[PDB]
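Okay, structure first, notes after.
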Ligand SMILES: Nc1ncnc2c1ncn2[C@@H]1O[C@H](C[C@@H](N)CC[C@H](N)C(=O)O)[C@@H](O)[C@H]1O
Ligand SMILES: Nc1ncnc2c1ncn2[C@@H]1O[C@H](C[C@@H](N)CC[C@H](N)C(=O)O)[C@@H](O)[C@H]1O
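Residue numbers (the deposited numbering), protein chains in the order written: chain B, 8 to 15, 29 to 32, 47 to 190, 193 to 217, 225 to 273; chain A, 8 to 37, 47 to 61, 63 to 186, 197 to 274.
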């Protein structure tokens, strides 16, 4: 069913800039790239334009058909560089390994906690040694802000100072679309720091976290996370 | 080892050698909830047996027992149950006999008994990840009698207390708090002391409204949510949630 918000029928771009941010933090890419939950190629087409060879993994049959149709419209050199694969980013086996594994924010926020461990484990099995796992992650106002530290003085007779902070971990992005004269959606919104803690917990060293602007200009509303297997 | 907080980092540099970094839940030279217990009592008003989940060493249980309540207290840790059993042995035989102690996992438990009231505290539900909480909710449903209540206390952070900020554009967007990490750093008000022990800890801190969404999704009707102060006065730092099975 639909979500009845406080101000309420449910609600259900260009990846050139986001794609380039990925290309900056990989450097030179010897070998094919695995993109997880590729959708209809919002990022995959920009990746192919960088000359990459991409294996694009997507769960939906319907979304795959849209992707395949788009590929048929592309020049032969583009299409020839894209291998489409039906699969589940939280649990896949292609038997092959890759120098680079890529996932966008819209995709990782699709997975709950247990499914994310599925994802992390699967990526470990598909990275060649010295391989790079790259993630973009949306960063909310709360996730970017320094947490407000609270102080309290407390006795017993021995006096103590208690400091408390609250670190962002997960929010819900709630939407209400409106004819200005009733559409609705709640989605998960992980703090990049949360995903990074999860990455470390699951085996990775996180070597860089670079904020960037998704649309290539203005406020930096995303983070590129580079993770590697030690 | 322990969580090395930003404030801990700078203290330990500034203290040189007197300084030791510890987690709050270990070597601890550093419990009363008669007021939280009263919030529960105030929102029950009782027919029969009460199930208390993750009862710990009875910080709420003993207060409940003092009200005439028959309490089943469920706890996972055997050492904690041992310490509960000791306290319960030093208690008047009227208190001692209205208390049943059971070892169990509040995420997947099963008793040969149903209850008019089931209670859990914030400290406790935040013990559980998302999957385990679903296990909790399902298990609780199975232990409620017709018309029985599930009562939860939930700590409420500043971000959880605020009305989420909107950005009108018409497009209404809100970011609702779901889960935070509560991070503490505790040290003596002095600086000498010796040893200078800095105590840190990180725990899960769910938004009361997130738990409410989760309860509703699990098949409960949430029929009230009441903010209250855990120290009977000051900022209301806690919410009392009441849930029932729709009949
Ligand atoms: N478990 C899963 N495995 C693989 N793909 C998934 C899974 N769950 C959801 N998806 C897909 O993840 C995608 C998420 C979308 N936001 C599209 C992302 C796409 N990279 C884009 O930029 O538009 C959808 O295309 C879903 O069909
Ligand atoms: N899965 C579980 N089932 C039952 N008890 C648990 C579980 N996980 C943790 N605990 C206990 O939950 C308690 C949490 C504590 N904050 C104590 C709660 C107690 N009501 C008090 O106010 O002191 C500890 O006693 C843990 O041993």
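For each residue, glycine too, the CB sits at the ideal point set by N, CA and C.
Residue burial annotation: residue 166 (chain A) is buried, with at least 16 other C-beta atoms found within 10 angstroms of its C-beta. Closer than 8 Å to some heavy atom of ligand 1: that does not describe the Cβ of residue 231 (chain B). In this structure, the straight-line span from the alpha carbon of residue 138 (chain A) to that of residue 271 (chain A) is close to 17 Å. Taking CB atoms only, residue 207 (chain B) has a neighbour in chain A less than 9 Å away.
In this structure, ligand 1 has no non-hydrogen atom nearer than 8 Å to the beta-carbon of residue 157 (chain B). Residues are counted here when their Cβ sits less than 7 Å from a Cβ of chain A; for the stretch 49-67 of chain B the count is zero. Around the C-beta of residue 177 (chain B), 16 or more other C-beta atoms lie within 10 Å, and the residue is accordingly described as buried. Going by C-alpha positions, residue 185 (chain A) is about 28 Å away from residue 237 (chain B).
Distance from the Cα of residue 100 (chain A) is smallest, within the candidate group A:24, A:172 and A:74, for A:74. Here residue 246 (chain A) really is in contact with residue 158 (chain A); their C-beta atoms are around 7 Å apart, less than 8 Å. With respect to chain B, the C-beta atom of residue 237 (chain A) has a partner C-beta closer than 9 Å. In this structure, A:85 is the residue among A:164, A:85 and A:91 with its C-alpha nearest to the C-alpha of residue 113 (chain A).
For residue 154 (chain A), the enclosing alpha helix (DSSP H) begins and ends at 147-158.
Contact annotation: the stretch 15-26 of chain A does not touch the stretch 135-155 of chain A, with fewer than three C-beta pairs closer than 8 Å. Using a Cβ-Cβ distance cut-off of 8 Å, the stretch 249-266 of chain B and the stretch 64-82 of chain B are not in contact, since fewer than three pairs of beta carbons, one from each stretch, lie closer than that value. Judged by the Cβ position, residue 76 (chain A) qualifies as a neighbour of ligand 2 at the 8 Å threshold, a heavy atom of the ligand being closer than this. Between ligand 1 and the CB of residue 173 (chain B), the shortest heavy atom gap is not smaller than 8 Å. Residue 170 (chain B) is bridged by DSSP to B:267. Bounds of the alpha helix (DSSP H) holding residue 14 (chain A) are 13-22.
Going by C-alpha positions, residue 235 (chain B) is about 46 Å away from residue 116 (chain A).
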